[PDB]
There are 2 protein chains.
Amino acid sequence: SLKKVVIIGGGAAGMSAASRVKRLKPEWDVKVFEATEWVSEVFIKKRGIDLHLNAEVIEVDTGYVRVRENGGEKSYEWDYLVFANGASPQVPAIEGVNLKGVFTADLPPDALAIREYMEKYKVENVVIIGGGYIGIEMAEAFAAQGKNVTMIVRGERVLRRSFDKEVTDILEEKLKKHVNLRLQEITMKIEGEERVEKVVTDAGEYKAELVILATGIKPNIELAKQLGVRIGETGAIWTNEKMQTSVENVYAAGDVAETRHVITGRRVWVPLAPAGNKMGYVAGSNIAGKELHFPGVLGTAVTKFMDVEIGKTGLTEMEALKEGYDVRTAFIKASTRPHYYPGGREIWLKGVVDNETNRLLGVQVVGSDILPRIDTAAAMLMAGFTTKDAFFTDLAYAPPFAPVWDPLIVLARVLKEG
Amino acid sequence: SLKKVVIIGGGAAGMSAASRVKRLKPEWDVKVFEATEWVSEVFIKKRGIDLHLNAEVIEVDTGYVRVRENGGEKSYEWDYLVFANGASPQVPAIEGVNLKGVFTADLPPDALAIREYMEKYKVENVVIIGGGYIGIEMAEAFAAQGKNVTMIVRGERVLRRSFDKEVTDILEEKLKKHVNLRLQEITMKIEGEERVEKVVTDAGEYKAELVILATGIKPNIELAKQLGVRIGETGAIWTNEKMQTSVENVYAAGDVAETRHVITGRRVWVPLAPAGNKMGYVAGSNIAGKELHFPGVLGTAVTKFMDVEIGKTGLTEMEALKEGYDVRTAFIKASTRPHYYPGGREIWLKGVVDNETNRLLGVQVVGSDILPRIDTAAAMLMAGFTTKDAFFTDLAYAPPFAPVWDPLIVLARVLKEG
């Protein structure tokens, strides 16, 4: 039999879904509609997937969808539909945010655009509004180009809601030495003639010939609300372990979807590509008739500013307390190598533990050589490891790799004894 | 009450034990007896531990120990004993093992000594005997010295018993380009006038000013055998979860102690530093009246030759088949970064799986940026994760740290669909 499967996405989740259902059902007609020029060369045609780029979906209803591609407007039939249209920038409500000066760090075109622009009309000073992940990277990006950079965050510190203050402090310390960090400020508007000229906030004004808004992202749910799909308390599309929505045969994965936290169990929205990919993977499995449950996410994340790396996995102390846990914590400094081997950098680990179960609730790591600590910790968290379980986990050691007591085991010892 | 703890060791396992019994029971008399001049700097004297360097133990019995220190003998009483006397190099029974230019990489003076003989007597050609970790790490050394190196291994390939062939081949590939690798050759003679001149093997002869005997390590169970302590089927001291031996109130930890494999349950001998420190830690805790259990080890190992790192955790395909397991494996190649991002190096992963439980039995990794994978896999293995559990672990992602699908998740995926 045939079965028409239609995917409104094209990004990480859309294509993972597409590929899984195609490989499981070669005889089925799987299509992907990307409202854009990007994916992940349409090699996919050979893969057996009918990709349509710059094909925008403008109406959807049960069994069908209407897309406008190449001026034309055609409508397609579907048995199984998958919402995989990710998230989009959320523009702030400040005066004039559309002048030739402003740019948002999103789709690769902007990367071509924004960059090209600068590498044209000479741009010296550049201001970034946002103390989030995106903000920080763009900051690093520009400083590296020698351009003077200035960050504006309304909160008391950057990454204000993603990490606790003790991890952030190490980052801010380094950050302040390459970018002009302006906290507690609220932008109030941004004047100029044909191009952005100056940015003004309730504390001062700043020279600016390029501006980046890293003020936020929102799930692209409009098309789904049209199908009457239930959207979660988080603002993203409600979903179950199979990536199923409240409407029959309608799945949703990636940045549009709201998933569940593996630790707290409540619903969350963690728009990160690794999970998105798997979300699309199980959506496609279930569509093709093979049961597969997605456990949920840990909220794992990582980024960096120049050489100081920062990462988390699991609950933060803010989150853990917010959730009503009785927690004990620990914050330790350690080294990336034995204190003799050359190249040993510094590494800081924050640990949050459930005092009642001695269960590790979350770990935050900043400094150097973070990836090993957070990935191991994520596995531990995924398994419900206690402070004791982590201490006795047989991790690797060699002078060029790490110290006899891995920074993760140290934190564990310190939590256990507390 | 007064309890007299005596530790025959001084090494990692030894000090952990002392440091633990001492913290938990400040009032007890804890004495460590090192035959040598090194440990882990009597800051340990302030911790309350009565450390005795150059205090070689020569006899032991139910009530006392007879150590030979400072010309004369002395006997100390003990209510609790701990064998933490580690392991010694095992020399081949061949001609002139003691020519002035021959060494074994063990006790700290060896480093100073070897580097002295090399940094004094002009040394050009250095010969290494054995294809172990010690052999390979030593090659990387003299090779980086500009010195010419020739390695002799009697087996068909290096790390013949520790890693599967497809993993070691990558290593040998880099190895054959900086060292003269001589496989399947049994060393027979090492000759020279007063100092080593050459080495002769059943396949030829090589010239050497300095030779490294990295052919094996062996548990120092002699003083324990004297006390009737049951020694394991592996050759090292038998032990239980609390690091107790067959003799009452006698514990053992470190390279002398035989532990158990977490995945297999069989008794194994895995002389590594992290495990040792923990064995010693639980030995103490238990002597002090605090029940603690060491779960055993995974066999986690890591090492590297120049820029090609090689590691593992859990069973090897050889071991798995050896244990009667129904296995399916997978070997994949991947990038350490997104394949667009600059800096991406190659990384290889071999995974073993129980075809009946779908539980991961082991992971061997080779190439670049190894640590994050084998450490994460260690935790997964430590928890009894299936191919599917591993697939869904929330690992971190950002272009500077890793690709969207971590190579560990890629392996899981390939194993799962396997």
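Each answer follows from the model by the rule given with it, or from the source it names; these are not laboratory values. FYI the Cβ positions are ideal-geometry reconstructions off the backbone, even for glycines, and counts take in every protein chain you see.
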Condition set within 8 Å of another protein chain (Cβ to nearest Cβ) and part of a helix (DSSP H, G or I), scope segment A:260-278, selection surrounded by the fewest Cβ atoms within 10 Å (Cβ to Cβ): answer is A:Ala273
Per the filter on segment A:245-263, residues touching a strand residue (DSSP E or B) at 6+ places or on another chain (Cβ under 6 Å) and not β-branched (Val, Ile, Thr) are A:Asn249, A:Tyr251, A:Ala252, A:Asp255, A:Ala257, A:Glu258, A:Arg260, A:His261
State whether the residues of segment A:410-418 include one that is touching a strand residue (DSSP E or B) at 6+ places or on another chain (Cβ under 9 Å), within 7 Å of chain B (Cβ to nearest Cβ) and among the hydrophobic types (A, V, I, L, M, F, W, C).
no
Against the condition farther than 25 Å from A:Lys322 by Cβ and out of contact with any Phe, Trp or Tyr (no Cβ under 9 Å at 6 or more places or on another chain), how does A:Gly343 come out, does it pass?
yes
For segment B:228-248, check the following and say yes or no: at least one residue is surrounded by fewer than 24 Cβ atoms within 10 Å (Cβ to Cβ), within 12 Å of another protein chain (Cβ to nearest Cβ) and either within 27 Å of B:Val91 (Cβ to Cβ) or over 19 Å from the mean Cα position of the chain (by Cα) (or both). yes
Cβ pairs under 6 Å, 6+ apart or interchain, first in segment B:279-290 and outside any helix (DSSP H, G or I), second of a type in the set (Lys, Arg), ordered by first then second residue, are B:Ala288/B:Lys25
Exercise. Does segment B:243-259 contain any residue that is within 19 Å of B:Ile8 (Cα to Cα) and assigned to a helix (DSSP H, G or I)?
Worked result: no
| said: Could you go through segment A:393-404 and let me know if any residue there is more than 8 Å from every other protein chain (Cβ to nearest Cβ), surrounded by fewer than 24 Cβ atoms within 10 Å (Cβ to Cβ) and over 26 Å from B:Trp405 (Cβ atoms). | reply: yes
Checked segment A:280-307 for anything out of contact with any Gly (no Cβ under 6 Å at 6 or more places or on another chain) and among the aliphatic types (A, V, I, L, M); matches are A:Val282, A:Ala283, A:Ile287, A:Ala288, A:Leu292, A:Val297, A:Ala301, A:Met306
Exactly one of A:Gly265, A:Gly284 is in contact with a helix residue (DSSP H, G or I) (Cβ under 9 Å, 6 or more places away or on another chain), among the small types (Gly, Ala, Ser) and farther than 26 Å from A:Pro89 by Cα, and that residue is A:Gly284
Apart from one, (1) buried (at least 18 other Cβ atoms within 10 Å of the Cβ); (2) on the phi < 0 side of the Ramachandran plot; (3) not in a helix (DSSP H, G or I) all hold for B:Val167; the odd one out is (3)
In the same structural domain as A:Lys4 (by CATH), buried (at least 22 other Cβ atoms within 10 Å of the Cβ) and over 20 Å from B:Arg337 (Cβ atoms): is that true of A:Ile287 in this structure? yes
Checklist entry - Does segment A:346-368 include one or more residues that are of a type outside the set (D, E, K, R) and at the interface with chain B (Cβ under 7 Å from one of its Cβ atoms)? => result no
Kindly check whether there is at least one residue in segment B:131-138 that is touching a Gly at 6+ places or on another chain (Cβ under 8 Å), buried (at least 17 other Cβ atoms within 10 Å of the Cβ), outside the structural domain of B:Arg20 (by CATH) and under 23 Å from B:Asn220 (Cα atoms).
yes
Looking only at segment A:194-213, decide whether some residue is assigned by CATH to the domain that holds A:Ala111 and in contact with a helix residue (DSSP H, G or I) (Cβ under 7 Å, 6 or more places away or on another chain).
yes
The condition of being out of contact with any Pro (no Cβ under 7 Å at 6 or more places or on another chain), under 21 Å from B:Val102 (Cα atoms) and assigned by CATH to the domain that holds B:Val363 holds, among B:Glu172, B:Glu185, only for B:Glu185
In segment A:235-285, anything within 26 Å of A:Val353 (Cβ to Cβ) and of a type outside the set (A, V, I, L, M) is listed as A:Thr259, A:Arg260, A:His261, A:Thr264, A:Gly265, A:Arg266, A:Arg267, A:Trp269, A:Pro274
Wholly inside segment B:313-402, helices (runs of 4 or more DSSP H) that include 2 or more residues that are under 22 Å from A:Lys278 (Cα atoms), in contact with a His (Cβ under 9 Å, 6 or more places away or on another chain) and not small (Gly, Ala, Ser) are none
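Each row is one residue, and each column tells you yes or no for (1) in a loop (DSSP other than H, G, I, E, B); (2) over 28 Å from B:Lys225 (Cα atoms).
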residue: B:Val30; (1), (2): no, no
residue: B:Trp38; (1), (2): yes, no
residue: B:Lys45; (1), (2): no, yes
residue: B:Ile58; (1), (2): no, no
residue: B:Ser75; (1), (2): no, no
residue: B:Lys100; (1), (2): yes, yes
residue: B:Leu107; (1), (2): yes, no
residue: B:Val123; (1), (2): yes, yes
residue: B:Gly135; (1), (2): no, yes
Out of (1) surrounded by 15 or more Cβ atoms within 10 Å (Cβ to Cβ); (2) over 19 Å from B:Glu191 (Cα atoms), the one B:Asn148 does not meet is (2)
